[PDB]
file coords_34.cif (mmCIF, C-alpha atoms)
data_run
loop_
_atom_site.label_atom_id
_atom_site.label_comp_id
_atom_site.auth_asym_id
_atom_site.auth_seq_id
_atom_site.Cartn_x
_atom_site.Cartn_y
_atom_site.Cartn_z
CA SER X 5 -4.89 -2.00 17.45
CA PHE X 6 -6.56 -0.77 14.18
CA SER X 7 -9.78 1.14 14.95
CA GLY X 8 -12.57 2.81 12.97
CA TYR X 9 -12.21 0.44 9.98
CA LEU X 10 -15.34 -0.53 8.07
CA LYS X 11 -15.43 -4.27 7.21
CA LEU X 12 -15.76 -4.91 3.45
CA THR X 13 -15.12 -8.67 3.39
CA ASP X 14 -13.88 -11.44 5.76
CA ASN X 15 -10.33 -9.99 5.52
CA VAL X 16 -10.51 -6.53 3.92
CA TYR X 17 -11.16 -3.42 6.04
CA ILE X 18 -11.19 0.24 5.00
CA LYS X 19 -10.93 3.68 6.63
CA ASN X 20 -10.68 7.31 5.47
CA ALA X 21 -7.29 8.00 7.01
CA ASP X 22 -3.82 9.34 6.34
CA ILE X 23 -1.64 6.16 6.19
CA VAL X 24 1.29 8.03 7.89
CA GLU X 25 -0.95 9.05 10.78
CA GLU X 26 -2.38 5.52 10.94
CA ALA X 27 1.17 4.07 11.01
CA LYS X 28 2.35 6.46 13.79
CA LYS X 29 -0.79 5.50 15.81
CA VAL X 30 -1.07 1.71 15.20
CA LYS X 31 2.67 1.01 14.59
CA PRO X 32 1.69 -2.11 12.63
CA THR X 33 3.94 -5.07 11.94
CA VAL X 34 3.76 -4.17 8.21
CA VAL X 35 3.00 -0.90 6.51
CA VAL X 36 2.70 -1.14 2.70
CA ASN X 37 4.38 1.52 0.62
CA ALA X 38 3.07 2.39 -2.87
CA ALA X 39 6.56 2.15 -4.33
CA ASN X 40 8.08 2.53 -7.83
CA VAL X 41 10.73 0.07 -9.19
CA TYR X 42 13.53 2.42 -8.13
CA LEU X 43 12.26 2.92 -4.57
CA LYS X 44 12.42 6.70 -5.22
CA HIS X 45 9.90 7.92 -2.61
CA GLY X 46 9.10 11.30 -4.10
CA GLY X 47 5.36 11.78 -3.90
CA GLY X 48 2.05 10.20 -2.94
CA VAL X 49 2.12 7.56 -0.21
CA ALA X 50 5.85 6.94 -0.79
CA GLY X 51 6.83 10.59 -0.33
CA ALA X 52 4.66 10.91 2.76
CA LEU X 53 5.95 7.67 4.40
CA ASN X 54 9.56 8.61 3.58
CA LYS X 55 9.11 12.16 4.97
CA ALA X 56 7.73 10.67 8.25
CA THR X 57 10.91 8.57 8.56
CA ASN X 58 13.09 11.76 8.21
CA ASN X 59 14.37 10.36 4.85
CA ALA X 60 15.73 7.17 6.57
CA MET X 61 13.45 5.06 4.32
CA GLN X 62 15.06 6.67 1.22
CA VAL X 63 18.63 6.11 2.46
CA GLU X 64 17.86 2.47 3.20
CA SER X 65 16.06 2.08 -0.17
CA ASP X 66 18.99 3.57 -2.12
CA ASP X 67 21.36 1.06 -0.44
CA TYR X 68 18.88 -1.74 -1.33
CA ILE X 69 18.76 -0.59 -5.01
CA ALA X 70 22.57 -0.20 -5.17
CA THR X 71 22.89 -3.85 -4.03
CA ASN X 72 19.93 -5.53 -5.77
CA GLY X 73 18.89 -3.37 -8.72
CA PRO X 74 15.30 -2.28 -9.31
CA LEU X 75 12.14 -4.13 -8.38
CA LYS X 76 9.76 -5.46 -11.08
CA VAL X 77 6.33 -3.80 -11.64
CA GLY X 78 4.07 -6.12 -9.58
CA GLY X 79 6.96 -7.00 -7.26
CA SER X 80 7.96 -6.12 -3.73
CA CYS X 81 10.68 -6.05 -1.13
CA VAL X 82 10.60 -6.02 2.69
CA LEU X 83 12.61 -3.26 4.35
CA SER X 84 12.51 -1.59 7.82
CA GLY X 85 9.38 0.29 8.82
CA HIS X 86 11.58 2.74 10.81
CA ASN X 87 9.31 4.81 13.19
CA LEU X 88 6.12 3.76 11.31
CA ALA X 89 6.04 -0.03 11.48
CA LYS X 90 8.26 -3.08 12.21
CA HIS X 91 8.55 -3.55 8.41
CA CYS X 92 7.68 -1.72 5.25
CA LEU X 93 6.52 -3.86 2.35
CA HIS X 94 7.40 -1.78 -0.72
CA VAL X 95 4.96 -2.91 -3.38
CA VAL X 96 5.12 -1.76 -6.99
CA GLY X 97 1.70 -1.40 -8.55
CA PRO X 98 1.52 -0.49 -12.27
CA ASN X 99 1.64 3.25 -12.87
CA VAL X 100 -0.90 3.73 -15.75
CA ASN X 101 0.35 7.42 -16.04
CA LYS X 102 3.78 5.95 -16.99
CA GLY X 103 2.10 3.48 -19.43
CA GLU X 104 2.67 0.39 -17.19
CA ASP X 105 0.39 -2.67 -17.59
CA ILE X 106 -2.80 -2.55 -15.37
CA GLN X 107 -2.97 -6.41 -15.49
CA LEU X 108 0.04 -6.36 -13.09
CA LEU X 109 -2.18 -4.93 -10.30
CA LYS X 110 -3.27 -8.45 -9.29
CA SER X 111 0.42 -9.53 -9.14
CA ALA X 112 1.15 -6.47 -6.99
CA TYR X 113 -1.64 -7.38 -4.50
CA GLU X 114 -0.36 -11.00 -4.32
CA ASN X 115 2.62 -9.66 -2.36
CA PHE X 116 0.21 -8.90 0.58
CA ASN X 117 -0.49 -12.64 0.98
CA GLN X 118 3.01 -13.16 2.43
CA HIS X 119 2.02 -11.14 5.54
CA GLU X 120 -0.74 -12.06 8.00
CA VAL X 121 -1.80 -8.45 8.64
CA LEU X 122 -0.97 -5.20 6.86
CA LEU X 123 -1.79 -1.49 6.92
CA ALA X 124 -1.93 -0.51 3.21
CA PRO X 125 -2.98 2.03 0.61
CA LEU X 126 -4.98 1.07 -2.54
CA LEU X 127 -2.32 0.03 -5.05
CA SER X 128 -2.00 1.99 -8.31
CA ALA X 129 -4.56 4.57 -6.98
CA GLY X 130 -3.81 8.32 -6.62
CA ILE X 131 -0.88 9.60 -8.66
CA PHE X 132 -0.42 6.02 -10.06
CA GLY X 133 -3.50 6.79 -12.24
CA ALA X 134 -5.53 3.57 -11.97
CA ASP X 135 -9.26 3.56 -11.15
CA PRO X 136 -9.41 3.18 -7.31
CA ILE X 137 -12.75 1.31 -7.57
CA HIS X 138 -11.01 -1.28 -9.78
CA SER X 139 -8.02 -1.38 -7.31
CA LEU X 140 -10.33 -2.17 -4.35
CA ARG X 141 -12.02 -4.89 -6.48
CA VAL X 142 -8.63 -6.48 -7.29
CA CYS X 143 -7.62 -6.15 -3.62
CA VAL X 144 -10.70 -7.98 -2.25
CA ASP X 145 -10.43 -10.68 -5.01
CA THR X 146 -6.66 -11.26 -4.51
CA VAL X 147 -5.65 -10.61 -0.89
CA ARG X 148 -6.48 -13.45 1.57
CA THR X 149 -4.56 -12.02 4.58
CA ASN X 150 -5.94 -9.21 6.86
CA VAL X 151 -5.58 -5.88 5.06
CA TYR X 152 -6.49 -2.53 6.63
CA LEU X 153 -6.81 -0.03 3.81
CA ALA X 154 -6.17 3.61 4.56
CA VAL X 155 -7.84 5.85 1.91
CA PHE X 156 -6.48 9.38 2.17
CA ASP X 157 -9.16 11.15 0.11
CA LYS X 158 -12.56 11.57 1.90
CA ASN X 159 -14.71 11.79 -1.26
CA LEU X 160 -12.93 8.80 -2.76
CA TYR X 161 -13.49 6.86 0.52
CA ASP X 162 -17.25 7.61 0.35
CA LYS X 163 -17.39 6.62 -3.34
CA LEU X 164 -15.47 3.36 -2.67
CA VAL X 165 -17.73 2.32 0.23
CA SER X 166 -21.03 3.33 -1.46
CA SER X 167 -20.13 1.56 -4.75
CA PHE X 168 -18.61 -1.62 -3.20
CA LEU X 169 -20.25 -4.75 -4.57
#
call {"tool": "encode", "arguments": {"input": "coords_34.cif", "output": "structure tokens"}}
result
Amino acid sequence: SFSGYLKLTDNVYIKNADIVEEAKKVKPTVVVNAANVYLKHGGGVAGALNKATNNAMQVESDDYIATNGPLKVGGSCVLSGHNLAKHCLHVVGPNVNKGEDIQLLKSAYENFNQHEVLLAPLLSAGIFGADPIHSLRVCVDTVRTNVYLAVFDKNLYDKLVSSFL
């Protein structure tokens, strides 16, 4: 199962790990993607997850967008997890670098509550430009299901754990 995760709360766990490597190892029921409204998996977690699926996640996502149109910021869709997970929950956190509303981060985390257990990144962190300390705070205060957070950056992981209230 998941291993080496530090317990933050009753249901939130955290580890300094590459989410792609965690997904290939654990093969969880749900891996969360840090998606944009277009499901264009170019960089960050999305680019890395997509690259691990040999671009199959992108092909599937483009068919989904062609049929359904874009997601909302704060919204999500469930697609295949390909070789990484049974499912991929593509969640759109606000991208503060693109001027999106940070108040939508709580709405984005609410999507996790539809799944009993998930492997996930911190939403809106990294290239999405939000404060990762704030993202972890919103995560612990919003998610009620079991979330295993994979934090790619070592120094950020240490800062998140040492500053966690």
call {"tool": "atom_distance", "arguments": {"input": "coords_34.cif", "atom1": "atom CA of residue 144 of chain X", "atom2": "atom CA of residue 13 of chain X"}}
result
7.2 Å
call {"tool": "residues_around", "arguments": {"input": "coords_34.cif", "residues": "residue 37 of chain X", "least_positions_apart": "3", "cutoff": "9 Å", "atoms": "only C-alpha atoms", "output": "number ranges by chain"}}
result
X: 49-50, 53, 92-96, 124-125, 127
call {"tool": "resolve_selection", "arguments": {"input": "coords_34.cif", "expression": "the PyMOL selection byres ((chain X and resi 9) around 10)", "output": "list in words"}}
result
residues 6, 7, 8, 10, 11, 12, 16, 17, 18, 19, 20, 21, 152, 153 and 154 of chain X
call {"tool": "resolve_selection", "arguments": {"input": "coords_34.cif", "expression": "the PyMOL selection byres ((chain X and resi 120) around 6)", "output": "mmCIF file with C-alpha atoms, in the coordinates of the input"}}
result
data_model
loop_
_atom_site.group_PDB
_atom_site.id
_atom_site.type_symbol
_atom_site.label_atom_id
_atom_site.label_comp_id
_atom_site.auth_asym_id
_atom_site.auth_seq_id
_atom_site.Cartn_x
_atom_site.Cartn_y
_atom_site.Cartn_z
ATOM 1 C CA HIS X 119 2.020 -11.140 5.540
ATOM 2 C CA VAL X 121 -1.800 -8.450 8.640
ATOM 3 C CA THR X 149 -4.560 -12.020 4.580
#
call {"tool": "atom_distance", "arguments": {"input": "coords_34.cif", "atom1": "atom CA of residue 58 of chain X", "atom2": "atom CA of residue 139 of chain X"}}
result
29.3 Å
call {"tool": "closest_residue", "arguments": {"input": "coords_34.cif", "among": "X:137, X:34, X:27, X:128", "to": "residue 166 of chain X", "atoms": "only C-alpha atoms"}}
result
X:137
call {"tool": "residues_around", "arguments": {"input": "coords_34.cif", "residues": "segment 75-87 of chain X", "least_positions_apart": "4", "cutoff": "7 Å", "atoms": "all atoms listed in the file", "output": "PDB file with C-alpha atoms, in the coordinates of the input"}}
result
ATOM      1  CA  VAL X  35       3.000  -0.900   6.510  1.00  0.00           C
ATOM      2  CA  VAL X  41      10.730   0.070  -9.190  1.00  0.00           C
ATOM      3  CA  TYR X  42      13.530   2.420  -8.130  1.00  0.00           C
ATOM      4  CA  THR X  57      10.910   8.570   8.560  1.00  0.00           C
ATOM      5  CA  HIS X  91       8.550  -3.550   8.410  1.00  0.00           C
ATOM      6  CA  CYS X  92       7.680  -1.720   5.250  1.00  0.00           C
ATOM      7  CA  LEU X  93       6.520  -3.860   2.350  1.00  0.00           C
ATOM      8  CA  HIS X  94       7.400  -1.780  -0.720  1.00  0.00           C
ATOM      9  CA  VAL X  95       4.960  -2.910  -3.380  1.00  0.00           C
ATOM     10  CA  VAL X  96       5.120  -1.760  -6.990  1.00  0.00           C
ATOM     11  CA  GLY X  97       1.700  -1.400  -8.550  1.00  0.00           C
ATOM     12  CA  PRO X  98       1.520  -0.490 -12.270  1.00  0.00           C
ATOM     13  CA  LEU X 108       0.040  -6.360 -13.090  1.00  0.00           C
ATOM     14  CA  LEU X 109      -2.180  -4.930 -10.300  1.00  0.00           C
ATOM     15  CA  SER X 111       0.420  -9.530  -9.140  1.00  0.00           C
ATOM     16  CA  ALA X 112       1.150  -6.470  -6.990  1.00  0.00           C
ATOM     17  CA  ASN X 115       2.620  -9.660  -2.360  1.00  0.00           C
TER      18      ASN X 115
END
call {"tool": "closest_residue", "arguments": {"input": "coords_34.cif", "among": "X:55, X:28, X:148, X:141", "to": "residue 165 of chain X", "atoms": "only C-alpha atoms"}}
result
X:141
call {"tool": "resolve_selection", "arguments": {"input": "coords_34.cif", "expression": "the PyMOL selection byres ((chain X and resi 147) around 8)", "output": "list in words"}}
result
residues 15, 16, 113, 114, 116, 117, 143, 144, 145, 146, 148, 149, 150 and 151 of chain X
call {"tool": "closest_residue", "arguments": {"input": "coords_34.cif", "among": "X:64, X:157, X:135, X:22", "to": "residue 100 of chain X", "atoms": "all atoms listed in the file"}}
result
X:135
call {"tool": "atom_distance", "arguments": {"input": "coords_34.cif", "atom1": "atom CA of residue 156 of chain X", "atom2": "atom CA of residue 122 of chain X"}}
result
16.3 Å
call {"tool": "axis_aligned_box", "arguments": {"input": "coords_34.cif", "around": "segment 66-81 of chain X", "padding_each_side": "5 Å", "output": "JSON"}}
result
{"center_x": 13.5, "center_y": -1.7, "center_z": -6.0, "size_x": 28.8, "size_y": 20.6, "size_z": 21.2}
call {"tool": "closest_residue", "arguments": {"input": "coords_34.cif", "among": "X:70, X:43, X:30, X:169", "to": "residue 5 of chain X", "atoms": "all atoms listed in the file"}}
result
X:30
call {"tool": "closest_residue", "arguments": {"input": "coords_34.cif", "among": "X:164, X:99, X:158, X:134", "to": "residue 39 of chain X", "atoms": "all atoms listed in the file"}}
result
X:99
call {"tool": "closest_residue", "arguments": {"input": "coords_34.cif", "among": "X:88, X:163, X:44, X:132", "to": "residue 105 of chain X", "atoms": "all atoms listed in the file"}}
result
X:132
call {"tool": "build_atoms", "arguments": {"input": "coords_34.cif", "residues": "segment 99-124 of chain X", "atoms": "N, CA and C atoms", "output": "PDB file, in the coordinates of the input"}}
result
ATOM      1  N   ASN X  99       1.949   1.847 -12.756  1.00  0.00           N
ATOM      2  CA  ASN X  99       1.640   3.250 -12.870  1.00  0.00           C
ATOM      3  C   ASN X  99       1.085   3.391 -14.298  1.00  0.00           C
ATOM      4  N   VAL X 100      -0.245   3.551 -14.449  1.00  0.00           N
ATOM      5  CA  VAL X 100      -0.900   3.730 -15.750  1.00  0.00           C
ATOM      6  C   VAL X 100      -0.462   5.081 -16.382  1.00  0.00           C
ATOM      7  N   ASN X 101      -0.135   6.106 -15.548  1.00  0.00           N
ATOM      8  CA  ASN X 101       0.350   7.420 -16.040  1.00  0.00           C
ATOM      9  C   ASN X 101       1.700   7.243 -16.750  1.00  0.00           C
ATOM     10  N   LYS X 102       2.519   6.256 -16.329  1.00  0.00           N
ATOM     11  CA  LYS X 102       3.780   5.950 -16.990  1.00  0.00           C
ATOM     12  C   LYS X 102       3.636   4.819 -18.051  1.00  0.00           C
ATOM     13  N   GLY X 103       2.400   4.502 -18.450  1.00  0.00           N
ATOM     14  CA  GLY X 103       2.100   3.480 -19.430  1.00  0.00           C
ATOM     15  C   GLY X 103       2.337   2.035 -19.029  1.00  0.00           C
ATOM     16  N   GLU X 104       2.474   1.761 -17.693  1.00  0.00           N
ATOM     17  CA  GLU X 104       2.670   0.390 -17.190  1.00  0.00           C
ATOM     18  C   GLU X 104       1.379  -0.436 -17.290  1.00  0.00           C
ATOM     19  N   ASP X 105       1.521  -1.775 -17.367  1.00  0.00           N
ATOM     20  CA  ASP X 105       0.390  -2.670 -17.590  1.00  0.00           C
ATOM     21  C   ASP X 105      -0.523  -2.852 -16.349  1.00  0.00           C
ATOM     22  N   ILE X 106      -1.819  -2.442 -16.460  1.00  0.00           N
ATOM     23  CA  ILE X 106      -2.800  -2.550 -15.370  1.00  0.00           C
ATOM     24  C   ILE X 106      -3.057  -4.009 -14.950  1.00  0.00           C
ATOM     25  N   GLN X 107      -2.828  -4.988 -15.851  1.00  0.00           N
ATOM     26  CA  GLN X 107      -2.970  -6.410 -15.490  1.00  0.00           C
ATOM     27  C   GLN X 107      -2.019  -6.829 -14.375  1.00  0.00           C
ATOM     28  N   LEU X 108      -0.916  -6.073 -14.154  1.00  0.00           N
ATOM     29  CA  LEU X 108       0.040  -6.360 -13.090  1.00  0.00           C
ATOM     30  C   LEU X 108      -0.462  -5.953 -11.695  1.00  0.00           C
ATOM     31  N   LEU X 109      -1.659  -5.317 -11.593  1.00  0.00           N
ATOM     32  CA  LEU X 109      -2.180  -4.930 -10.300  1.00  0.00           C
ATOM     33  C   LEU X 109      -2.489  -6.147  -9.451  1.00  0.00           C
ATOM     34  N   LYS X 110      -3.015  -7.240 -10.061  1.00  0.00           N
ATOM     35  CA  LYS X 110      -3.270  -8.450  -9.290  1.00  0.00           C
ATOM     36  C   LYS X 110      -1.961  -9.023  -8.750  1.00  0.00           C
ATOM     37  N   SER X 111      -0.913  -9.065  -9.584  1.00  0.00           N
ATOM     38  CA  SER X 111       0.420  -9.530  -9.140  1.00  0.00           C
ATOM     39  C   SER X 111       0.924  -8.687  -7.982  1.00  0.00           C
ATOM     40  N   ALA X 112       0.735  -7.351  -8.074  1.00  0.00           N
ATOM     41  CA  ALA X 112       1.150  -6.470  -6.990  1.00  0.00           C
ATOM     42  C   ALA X 112       0.439  -6.822  -5.664  1.00  0.00           C
ATOM     43  N   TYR X 113      -0.900  -7.034  -5.708  1.00  0.00           N
ATOM     44  CA  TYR X 113      -1.640  -7.380  -4.500  1.00  0.00           C
ATOM     45  C   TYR X 113      -1.245  -8.738  -3.934  1.00  0.00           C
ATOM     46  N   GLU X 114      -0.785  -9.676  -4.795  1.00  0.00           N
ATOM     47  CA  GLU X 114      -0.360 -11.000  -4.320  1.00  0.00           C
ATOM     48  C   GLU X 114       0.763 -10.913  -3.287  1.00  0.00           C
ATOM     49  N   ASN X 115       1.575  -9.829  -3.351  1.00  0.00           N
ATOM     50  CA  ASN X 115       2.620  -9.660  -2.360  1.00  0.00           C
ATOM     51  C   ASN X 115       2.049  -9.575  -0.929  1.00  0.00           C
ATOM     52  N   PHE X 116       0.801  -9.034  -0.761  1.00  0.00           N
ATOM     53  CA  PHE X 116       0.210  -8.900   0.580  1.00  0.00           C
ATOM     54  C   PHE X 116      -0.020 -10.260   1.265  1.00  0.00           C
ATOM     55  N   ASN X 117      -0.222 -11.308   0.458  1.00  0.00           N
ATOM     56  CA  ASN X 117      -0.490 -12.640   0.980  1.00  0.00           C
ATOM     57  C   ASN X 117       0.676 -13.270   1.760  1.00  0.00           C
ATOM     58  N   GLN X 118       1.870 -12.669   1.652  1.00  0.00           N
ATOM     59  CA  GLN X 118       3.010 -13.160   2.430  1.00  0.00           C
ATOM     60  C   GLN X 118       3.040 -12.604   3.855  1.00  0.00           C
ATOM     61  N   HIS X 119       2.048 -11.761   4.237  1.00  0.00           N
ATOM     62  CA  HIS X 119       2.020 -11.140   5.540  1.00  0.00           C
ATOM     63  C   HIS X 119       0.645 -11.322   6.130  1.00  0.00           C
ATOM     64  N   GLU X 120       0.558 -11.778   7.385  1.00  0.00           N
ATOM     65  CA  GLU X 120      -0.740 -12.060   8.000  1.00  0.00           C
ATOM     66  C   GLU X 120      -1.617 -10.827   8.178  1.00  0.00           C
ATOM     67  N   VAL X 121      -1.017  -9.670   8.507  1.00  0.00           N
ATOM     68  CA  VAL X 121      -1.800  -8.450   8.640  1.00  0.00           C
ATOM     69  C   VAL X 121      -1.002  -7.273   8.131  1.00  0.00           C
ATOM     70  N   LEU X 122      -1.668  -6.363   7.415  1.00  0.00           N
ATOM     71  CA  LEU X 122      -0.970  -5.200   6.860  1.00  0.00           C
ATOM     72  C   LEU X 122      -1.838  -3.964   6.931  1.00  0.00           C
ATOM     73  N   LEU X 123      -1.191  -2.816   7.088  1.00  0.00           N
ATOM     74  CA  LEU X 123      -1.790  -1.490   6.920  1.00  0.00           C
ATOM     75  C   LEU X 123      -1.356  -1.117   5.485  1.00  0.00           C
ATOM     76  N   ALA X 124      -2.301  -0.750   4.597  1.00  0.00           N
ATOM     77  CA  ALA X 124      -1.930  -0.510   3.210  1.00  0.00           C
ATOM     78  C   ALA X 124      -2.730   0.563   2.529  1.00  0.00           C
TER      79      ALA X 124
END
